[PDB]
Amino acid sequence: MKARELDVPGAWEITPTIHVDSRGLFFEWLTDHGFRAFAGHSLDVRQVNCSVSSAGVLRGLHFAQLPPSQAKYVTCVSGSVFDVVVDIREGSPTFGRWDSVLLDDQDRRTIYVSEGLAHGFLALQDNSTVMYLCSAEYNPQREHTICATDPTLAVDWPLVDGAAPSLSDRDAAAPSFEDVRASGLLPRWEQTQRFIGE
């Protein structure tokens, strides 16, 4: 496996070694040794989630308050999604910036999203299945949303086909980035570095 840090520090694109034969294929999606090699610690898998989405569905932008927040190791096992990470860590040299990766069933790449980042994706095909390992169990009181189409964040969603994305009631009602900043819920860059440092 190869791991490339994104333009948003603390997020990485992972490339698997896919072993192909006449039967189909095989890959190691995560290994403890492989994960430690880029992250500097083991991933404490406390939950694993799965979602299936039709074309044009946008889920996000989601984060978990620090501490302990929720790191996510995310991949697409059918179809394809345009996946985005946003630096919402107040004080970060890259605060308010975002990066993206294409997660699909062809190249079978992965994004690791460390603690205190925001994350979302737009499904590009019907029946796009996403699985993700989580560093913390579901905590709906500590998990929050930011409007995925926030004009300050200005995420360049490749809308299908420029048509508005289809959102949950939750995500459609998501507050502006401005409002989330006023709430005090965003993690601090210093806090997040210290936390991962420990």
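Position 1 is the first residue in the sequence shown; the rest follow in order.
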> When the C-alpha temperature factors are averaged for each of 157-165 and 58-66, which stretch ends up with the higher value in the entry?
Replying inline: 157-165
> Split the chain's modelled residues into thirds by Cα B-factor; is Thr145 in the lowest, middle or highest one?
Replying inline: highest
> Which third of the chain does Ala174 land in by C-alpha B-factor: lowest, middle or highest?
Replying inline: highest
> Looking at the C-alpha B-factor of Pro9, is it in the lowest, middle or highest third of its chain?
Replying inline: middle
> Lowest, middle or highest third: where is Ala136 by Cα B-factor in its chain?
Replying inline: lowest
> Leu122's Cα B-factor: lowest, middle or highest third of the chain?
Replying inline: lowest
